[PDB]
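First up is the structure itself, then whatever we jot down about it.
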Amino acid sequence: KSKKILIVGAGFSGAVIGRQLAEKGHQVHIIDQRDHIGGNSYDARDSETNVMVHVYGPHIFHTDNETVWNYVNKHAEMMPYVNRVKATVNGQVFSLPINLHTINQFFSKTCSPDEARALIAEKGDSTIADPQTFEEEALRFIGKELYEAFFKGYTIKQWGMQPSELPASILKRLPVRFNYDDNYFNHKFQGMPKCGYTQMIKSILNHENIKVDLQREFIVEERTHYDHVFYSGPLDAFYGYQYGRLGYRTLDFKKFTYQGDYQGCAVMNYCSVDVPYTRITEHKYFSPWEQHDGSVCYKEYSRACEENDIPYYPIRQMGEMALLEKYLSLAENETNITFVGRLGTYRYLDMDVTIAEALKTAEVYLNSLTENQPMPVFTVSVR
Ligand SMILES: Cc1cc2nc3c(=O)[nH]c(=O)nc-3n(C[C@H](O)[C@H](O)[C@H](O)COP(=O)(O)OP(=O)(O)OC[C@H]3O[C@@H](n4cnc5c(N)ncnc54)[C@H](O)[C@@H]3O)c2cc1C
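Using PDB author numbering, you'd call the opening residue of the sequence shown number 2 and step up by one each time.
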């Protein structure tokens, strides 16, 4: 049986599920309300500067999953790229994550790894036996000066919450690296597609059994034309926000163009609340194999996600997870639909994880066909 599949969204979730089913002879119809493919991973070349701009913010590919790595290399030339982040705070510029250079610069010292371990131990606040809060966890781990420099201002700005209002769970481990490695991510596989994520997704979408329609919102009535629907849009939006909006932090990007080199790196964090933007990204630095005279940059601002704002980071506190449960109790009673992705399942997901889940979702659907089994509404736990 060649099934008729409707996929809502042409980001990694919809494209990867689409391709897997298309290759098994299914007739896949992919719609997206936006005027372009790629979802939040979409990139485009700026006309004036020819800079490849990460349209919805910096997207760095990283993974320990060799299957996903092999998958993306089939659809893009992946360029070696190891993301390195700088942070401006206290009138100084530091490397992030906190490492031996950070500590030595911060305290004007010359510590070895072992001396730094001892400096950190004696800086840590050993007054609260069992930290319940994120502020006290941070204080226990790294002490006041480091918590206030790198953690407090950034949490307030990024989450709109005092670290005193967050659980100790947020920080399980001492957030210090006791050497001079300054790679931001620890994953085995790290890289940037040579021609960008959009070209990568276009190659994933490049199959005769995939039809793509852009500038087209999903309409609930449509469901009946298909054997199954894969929905990578917001779970709450699917239900008309009938119980209210699931809480997100939204981002605004102020775009500007500089002649030359604005900041000399891809990402600069601004950890103080005295600075209204969280970070500035200089896109050209994501493509070191290219040279550009003009430079497109983003000042990034974080705020509470309102009406018609694009959702970015899911808050997922006790109130949001409770509201979620109301949507899930509807969702789990639906037939012939699977909710997927960052929006469909209300979770922050990396590109590699998204692709991993999409490949599994398709495998689960395909299995449900062979032995005639009922497709689950979720192929991951969402609670
Ligand atoms: C600011 C930010 C930075 C990130 N940085 C990284 C990073 O550095 N590295 C990394 O690995 N990951 C990063 N991510 C995560 C990455 O963006 C996600 O993994 C990816 O977007 C997941 O893709 P998706 O297809 O599931 O969802 P999306 O990309 O959001 O796709 C959803 C698509 O569905 C469409 N859609 C929604 N509703 C409807 C509807 N009703 N009708 C028709 N179409 C609809 C939308 O237009 C959109 O194209 C970042 C995410 C954000 C938000």
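For every residue, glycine included, the Cβ atom is placed at its ideal position computed from N, Cα and C.
Legend entry - Meets three-Cβ-pair contact criterion under 8 Å: the segment 236-244 and the segment 252-272: Flag = no, the segment 236-244 and the segment 252-272 do not touch.
Inset, instruction - Report the option in 61, 95 and 34 whose CA atom is closest to the CA atom of residue 269. - result: The shortest Cα separation from residue 269 among 61, 95 and 34 belongs to 95.
Legend entry - residue 44 CB to nearest heavy atom of ligand 1 below 7 Å: For ligand 1, not one heavy atom lies less than 7 Å from the Cβ of residue 44.
Legend entry - Simplified DSSP assignment, three categories, for residue 6: In the structure shown, residue 6 sits in a strand (DSSP, three-state: E or B).
Legend entry - For residue 102, the first and last residue of its enclosing alpha helix (DSSP H): Start and end: 101-107.
Inset, instruction - Determine the direct distance from the alpha carbon of residue 132 to that of residue 436, and round the result to whole angstroms. - result: Because residue 436 is not part of the residues shown, which for the chain are 2 to 384, the question remains open.
Inset, instruction - Can you give me the start and stop residues for the beta strand (DSSP E) that residue 406 sits inside? - result: The structure shown does not extend to residue 406, since the chain spans only 2 to 384, so no value can be given for it.
Inset, instruction - Helix, strand or coil for residue 87, going by three-state DSSP, please let me know. - result: Secondary structure at residue 87: strand, using DSSP grouped into helix, strand and coil.
Legend entry - Touch test, the segment 325-336 against the segment 63-75, Cβ-Cβ under 8 Å, three pairs minimum: Taking one beta carbon from each stretch, the segment 325-336 and the segment 63-75 have fewer than 3 pairs nearer than 8 Å; the two do not touch.
Legend entry - Distance between residue 304 and residue 214 (C-alpha atoms, nearest Å): One alpha carbon belongs to residue 214, the other to residue 304, and they sit about 32 Å apart.
Inset, instruction - Examine ligand 1 and report whether any of its heavy atoms sits within less than 7 Å of the Cβ of residue 41. - result: Yes, since a heavy atom of ligand 1 falls inside the 7 Å radius drawn around the Cβ of residue 41.
Legend entry - Contact test: residue 332 Cβ vs ligand 1 heavy atom, cutoff 7 Å: Checking every heavy atom of ligand 1 against the Cβ of residue 332, none is found closer than 7 Å.
Legend entry - Spatial distance of residue 124 from residue 135 (CA atoms): One alpha carbon belongs to residue 124, the other to residue 135, and they sit about 17 Å apart.
Inset, instruction - Inspect the beta-carbon positions of residue 179 and residue 147 and report whether they are closer than 8 Å. - result: Cβ distance not < 8 Å, so residue 179 and residue 147 don't count as in contact.
Inset, instruction - May I ask whether a heavy atom of ligand 1 can be found less than 7 Å away from the beta carbon of residue 9? - result: True, at least one ligand heavy atom lies under 7 Å from that Cβ.
Inset, instruction - Would you decide whether residue 138 is buried or exposed? Buried here means 16 or more other CB atoms lie within 10 Å of its CB. - result: Buried.
Legend entry - Cut-off 8 Å between Cβ atoms - residues of its own chain near residue 99, not counting five sequence neighbours on either side: Cβ neighbours of residue 99 beyond the five flanking positions: 143, 147, 151, 176, 177 and 178.
Legend entry - Closer than 7 Å: residue 352 CB and nearest ligand 1 heavy atom: For residue 352, the distance from the CB to the nearest heavy atom of ligand 1 is below 7 Å.
Inset, instruction - Flag this pair as yes or no: are the beta carbons of residue 228 and residue 85 separated by less than 8 Å? - result: One thing to note: residue 228 has its Cβ no nearer than 8 Å to the Cβ of residue 85.
Legend entry - residue 341 in three-state terms, based on DSSP: Reduced to three states, the DSSP call for residue 341 is coil.
Inset, instruction - In the DSSP assignment, find the alpha helix (DSSP H) that holds residue 141 and state where it starts and stops. - result: Note, residue 141: alpha helix (DSSP H), 135-143.
Legend entry - Residue environment, residue 158, which counts as buried when at least 16 other CB atoms sit within 10 Å: Answer is buried; the Cβ neighbour count reaches 16.
Inset, instruction - Compute the minimum distance between the beta carbon of residue 155 and the heavy atoms of ligand 1, and state whether it is under 7 Å. - result: It does not: the Cβ of residue 155 is nowhere closer than 7 Å to a heavy atom of ligand 1.
Inset, instruction - Indicate whether residue 290 and residue 53 have their beta-carbon atoms separated by less than 8 Å. - result: No. Outside cutoff.
Inset, instruction - Decide if the segment 21-28 is in contact with the segment 204-218; the criterion is three or more beta carbon pairs, one per stretch, under 8 Å apart. - result: By the Cβ criterion, the segment 21-28 is in contact with the segment 204-218, since at least three pairs of Cβ atoms, one from each stretch, lie closer than 8 Å.
Inset, instruction - Could you have a look at residue 96 and say whether DSSP puts it in helix, strand or coil? - result: Here residue 96 sits in strand by DSSP.
Legend entry - Best match in 236, 21 and 90 for proximity to residue 280 [C-alpha to C-alpha]: Measuring from the Cα of residue 280, the nearest candidate turns out to be 90.
Inset, instruction - Please state whether DSSP places residue 81 in a helix, a strand or coil. - result: In the three-state scheme derived from DSSP, where H, G and I count as helix and E and B as strand, residue 81 is classed as strand.
Inset, instruction - Assuming residue 198 contacts residue 42 (C-beta within less than 8 Å), just tell me the rounded distance between them. - result: Cβ atoms of residue 198 and residue 42 come within 8 Å of each other, at about 4 Å.
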